[PDB]
Each structure stands twice: as structure tokens, then as C-alpha cells.
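Q: Experimental structure and sequence below, a few questions after.
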Amino acid sequence: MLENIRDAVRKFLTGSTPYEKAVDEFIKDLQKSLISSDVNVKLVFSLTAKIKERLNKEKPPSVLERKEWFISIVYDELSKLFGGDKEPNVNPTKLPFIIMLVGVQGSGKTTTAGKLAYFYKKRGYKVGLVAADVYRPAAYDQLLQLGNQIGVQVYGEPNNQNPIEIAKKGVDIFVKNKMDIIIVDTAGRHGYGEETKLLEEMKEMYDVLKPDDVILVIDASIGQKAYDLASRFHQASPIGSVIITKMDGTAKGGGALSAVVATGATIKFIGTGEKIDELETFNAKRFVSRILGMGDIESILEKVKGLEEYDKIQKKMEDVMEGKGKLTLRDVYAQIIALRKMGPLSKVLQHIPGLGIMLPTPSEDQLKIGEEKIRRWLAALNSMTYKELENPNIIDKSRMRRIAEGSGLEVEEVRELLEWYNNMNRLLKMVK
RNA sequence: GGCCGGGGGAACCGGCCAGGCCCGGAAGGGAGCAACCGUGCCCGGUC
């Protein structure tokens, strides 16, 4: 399905084939792999659109192959496309806790809970679960298993068709025992469509107990359709976050998670399916990225921020008076990094300015000629304690020759630079 | 004179050694600056 699109990814890392066309196809191509894999479309237009939008309103900051950029963008919107951005907060508000597990008809219904709970114990906490469902059979049962088979008791009431009590009952139990976290799956007679009734149930269910964290769930089996279901409820309870049962358990996915999002919906996990652990957290990227996997750039990318927003320092530095601050003639060497990591060397140098920046400065038609000597200035630095570069004025012949040799460079080179530092500023610092 | 800590040091040659520096085609090694690690390093005790 989609997966094999995440290939279009490197299928793209091919200088052989041209551009633009390369794009749109891919677009459509990826674009295809989606709906085909469930995925609603009404939306799409929007994405595919926004996508376009940008193009005719941007360009990759120089010093960086377009093809790549494209992605950041692609990726970029994949995010928004899906669970845009809000980093779900699945951990303790306080303790203990109330996990109201509202489920349509079964499906992950119970299961889920497991790894969920399961998960948090291998986090180090007094879980606690309860069979909060009496319409469909194997409540405890099938579940019951794991419970012990994981070292986590649980509790319920054979036959016994009546939530609330039992729930209430359970609850305070662990509580009385003072455990830390409770999980309790529930549901009712009529769900999908009669959703109205499902929730209708959760109504009391909720407002009777007084749960802190509440969640619904669904298998991508339903997909984009689901939307609604959940939707009606985001209203019931906005704090209402959810997850999608079965990943490896369908083939449609997308639309599922898609629809979700497109409601302001709130997820947290997903779990491929079987196995007591397949459950996983969740953060678009986490996944989006995941369906593109190798997304380095972001890295090399983010270095811009390193540089771009660092000259920030330069000019004049420190603010106000008194107390200790940060760093600077370190930031010196700091500059370094970014770039090299921010994509290979050279191409960039050329593609962009020296190290000062752009003021009443010296040296020809274009600022530089560090070309090689560059990866030399570096030599040391890392050949020196932190403090050193903070007090770039304690460079005794003694303390340095070691860096000299320690970095492998016969003296000279250094002394022969130390000033390209204490003078830079000198001039640099020449603010009126 | 037995132990955990707040901080705790360039260069009298320490553990891992990046970076680079050097010998050999690549292998892989050679000496080693920081870097964390502790020596050390000053005080409190050590159910």
C-alpha cells in the first residue's frame, strides 16, 4: 500500500531522471498510493493544493538542491495532512488515574488495553485493569490471560451484565490498594451510527465516574468513515484522545487516521496490531517521517538555524550587567559545525559568504579565502577545553603548542590565526 | 583510617581516544590535544 511509496522517496533520489515532471508524478504517484489505501480525498485536493501553493511562492534557500527542499515541504504537509502538530501528552497529570476506555463495538476493544497497560508497567507503575464490558462474551477471559501473563492483575464480574457498579467497584479497589494507573475498556449494545447511543452510554459511564483521561479507539478497518463516529464526541469530550486499533490489521489505514485528524481529533498511539507490545506512541513526524525513514536533511537543514540566527550573537553581544552568561569565541568554532554537517563542504562555501557577515569589512569581491584552512581552524578548538575559547586571551606560548601538536599543526598556523580572532572582533566590534 | 555527594584542576607524560596529524594502495596500525572518566581536589558525614 502506502509503504511502497516511501520508496518514491529514494526512487526520487535519482539524478538521472529530470525534475518537475518527476514531481507531479510522484505527487500523483504518492497521491495515488493514498486513496487506494483508503484515505479520503475531498481533503487531498487541499493538500495536493497547498503543496502546489507553496512552489509558486518559494524556493530552497540557495546552497541546497531543490529536489531535497521539495520534501521538507512534502513532509512538512504530510504532518499537517495527518496529526498536524501537538505533541500528545500521554503521561501522568497526577496519580493515580482514570482511563475510560470507550469503544464502539469491540475490535481492539479489549486487547488494546493490554500493551497499553502493559506498556506503562514497563514504565514502572501500579497499573490495574477492569473488564468494563458486558454484552459480548470473553470479557476478562481472552483478556484475563495477559493480565497475569504480564504480571498485572485485573478484575471483573463473571456474566454479570451491568457496568457502573462493577466499574466503580473496580476503581477504588486498586485505589484502596493505592495503585497508580487504571485502564478500563467499555462499550454498549449499539455503536456505529447508533454512535449516538454508544456515547449515550459513555455518558453516564463518564459522568458517574469522573474520569480524567478518556479514549475511544477504532480499527482502520472502518477508516476515514470512522471520522464522524469519533467526531461526535470530540464534542462530547475534547480531551477525548484516541488511537487506531490494528495497523497491520487492515490495509486501508490512512483515511482512518486521516479522517481522525480532520476534526481536530486527538491520537496518541497506534500499535501495528498483535503482540503485547506492537502498540507505539505517536507524532505524525514519528510516522510520516517513518514512511520516508531516512530524513537526514532536517538535520543539515536545522544547521541553518544554527548559523542563520547566530550572527545574531556577533554584532554586539551580552545584555544588561552583573551575572554570568553563555558563550562566544566558542560560537566561533560553533559556526563551523553547522555547515559541514549542514550538508558537505565547498559547494556551500561558494554558495555562501565567509564568516564575518556583511559590514564595513576587508578582502576582495567576495568574503573569504579560508577555503581549505577552514577545516584547519577547526583542527584545534576541539583540541582545547571549553573555557579556552571563552577567554580567548590566555593563549600563552605554552598553553597551545600542545593544541598545536595535539591538533597536529606545527605552531605557526595557530599564532597565525589567534588574531584573525582578536582582530575580527576588534574591527568587528567597531560599533561607533 | 573502610564508602555517596557540591563542586574538581591545560603542559611532571593514566581508561576510552573523536577530530584531525603521521607509516603503508585500501587494509589496518602509530603517537596523542580536548572530551567525558577518574586520579587527584577542597569540606559533610558513611542508617
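A: Sure, I can see it. Numbers count the residues shown, from 1 in each chain, chains lettered A, B, ... in the order given.

Q: what's the neighbour count on residue A:208?
A: Residues lying near residue A:208 (other C-beta atoms under 10 Å) number 13. All C-beta atoms are positioned from the backbone trio N, CA, C, and that covers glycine.

Q: Now do the SS call for residue A:419.
A: Reducing the assignment at residue A:419 to three states with DSSP: H, G, I helix; E, B strand; the rest coil gives helix.

Q: And it, how close does it get to residue A:185?
A: The gap separating residue A:419 from residue A:185 is 71 Å, by C-beta to C-beta, to the nearest Å.

Q: Name the residue in those two with the higher neighbour count.
A: Between residue A:419 and residue A:185, residue A:185 has the larger neighbour count (other C-beta under 10 Å), namely 27 against 10.

Q: which SSE is the nearest residue to residue A:295 once chain neighbours are set aside in?
A: Counting by C-beta to C-beta, 6 or more residues apart in numbering, residue A:289 is the residue found nearest to residue A:295 once chain neighbours are left out, at 5.1 Å. Counting by DSSP states H and E, the element that carries residue A:289 is helix A:285-290.

Q: which residues are contacting that helix?
A: Contacts to helix A:285-290, defined as C-beta atoms under 8 Å, 6 or more residues apart in numbering, come from residues A:75, A:78-79, A:81-82, A:270, A:295.

Q: Just the buried positions in it, please.
A: A:285, A:287-289 (16 or more other C-beta atoms under 10 Å).

Q: Please apply the same query to stretch A:299-311.
A: Of the residues in stretch A:299-311, A:300-301, A:303-304, A:306-307, A:310 count as buried by neighbour count, 16+ other C-beta under 10 Å.

Q: which one of the residues you listed sits closest to residue A:201?
A: Closest approach to residue A:201 among the buried residues of stretch A:299-311 (C-beta to C-beta): residue A:301, at 48.4 Å.

Q: Phi and psi next, for the nearest residue to residue A:43 once chain neighbours are set aside.
A: Once flanking residues are discounted, residue A:43 sits nearest to residue A:262: 6.2 Å by C-beta to C-beta, 6+ apart. The phi and psi values for residue A:262, taken as degrees, to the nearest 10, are phi -50, psi 50.

Q: and the gap between the nearest residue to residue A:360 once chain neighbours are set aside and RNA strand B?
A: Of all residues not flanking residue A:360 in the chain, residue A:430 sits nearest, at 7.8 Å (C-beta to C-beta, 6+ apart). According to C-beta to the nearest atom of the strand, to the nearest Å, residue A:430 and RNA strand B sit 31 Å apart.

Q: what's the answer for residue A:345, then?
A: From residue A:345 to RNA strand B the distance is 10 Å (C-beta to the nearest atom of the strand).

Q: what does chain A put close to RNA strand B?
A: In this structure, chain A approaches RNA strand B at residues A:375, A:378-380, A:382-387, A:396, A:398-399, A:402-403, A:405-409, judged by C-beta under 7 Å from any atom of the strand.

Q: From those residues, which land in strands?
A: Among those, none falls in strands (DSSP state E).

Q: are any of the residues you listed buried, and which?
A: Buried, going by 16+ other C-beta under 10 Å: A:379-380, A:383-384, A:403, A:407, A:409, out of the residues of chain A next to RNA strand B.

Q: Okay, domains of chain A per the record?
A: Domain assignment for chain A by CATH domains of a matching chain gives A:1-88, A:96-280, A:327-432.

Q: Please identify the deepest-packed of those domains.
A: Mean neighbours per residue, mean count of other C-beta atoms under 10 Å, is largest over these for domain A:96-280, with a mean of 19.

Q: Show the end-to-end separation of that domain, please.
A: Using C-alpha to C-alpha, to the nearest Å, the gap from the first to the last residue of domain A:96-280 comes to 22 Å.

Q: chain center to it: distance?
A: Offset of domain A:96-280 from its chain centre (C-alpha atoms, centre = their mean, to the nearest Å): 24 Å.

Q: Residue A:249 and RNA strand B: what is the separation?
A: Taking C-beta to the nearest atom of the strand, one finds residue A:249 at 44 Å from RNA strand B.

Q: rewinding a little: mind giving me JSON lines with the domains of chain A and columns for distance to residue A:317?
A: Output for the domains of chain A, formatted as JSON lines (distance: least, C-beta to C-beta, whole Å):
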{"stretch": "domain A:1-88", "distance to residue A:317": "26"}
{"stretch": "domain A:96-280", "distance to residue A:317": "43"}
{"stretch": "domain A:327-432", "distance to residue A:317": "6"}
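
Q: wait, what's in contact with residue A:278?
A: A:115, A:247-248, A:271-272.

Q: same question, residue A:215
A: Per C-beta under 8 Å, 6+ apart, neighbours of residue A:215: A:99-102, A:240-243, A:268.

Q: Could you do residue A:156 as well?
A: Counting by C-beta under 8 Å, 6+ apart, residue A:156 has contacts A:130-131, A:139-140, A:144, A:166, A:170.

Q: gap between the nearest residue to residue A:392 once chain neighbours are set aside and residue A:377?
A: Nearest residue to residue A:392, sequence neighbours excluded (C-beta to C-beta, 6+ apart): residue A:329, at 4.2 Å. Distance check for residue A:329 against residue A:377: by C-beta to C-beta, it reads 12 Å.

Q: Only C-alpha atoms, please: export stretch A:3-19 in CSV.
A: In CSV, the C-alpha atoms belonging to stretch A:3-19 read as follows (Å, rounded to 0.1, in the frame of the first residue of the first chain):
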residue,chain,number,x,y,z
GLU,A,3,4.7,1.8,2.4
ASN,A,4,5.7,1.2,-1.2
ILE,A,5,5.6,5.0,-1.9
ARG,A,6,8.0,5.6,0.9
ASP,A,7,10.2,4.3,-1.9
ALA,A,8,9.2,7.0,-4.3
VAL,A,9,11.3,8.7,-1.6
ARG,A,10,14.7,7.4,-2.8
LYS,A,11,13.0,6.4,-6.1
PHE,A,12,13.3,10.1,-6.2
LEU,A,13,17.0,10.2,-5.2
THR,A,14,17.9,9.8,-8.9
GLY,A,15,19.8,12.5,-10.7
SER,A,16,19.2,10.5,-13.9
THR,A,17,15.5,11.5,-14.2
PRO,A,18,14.7,15.2,-14.6
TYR,A,19,12.6,17.4,-12.4
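
Q: Fine by me, thanks again.
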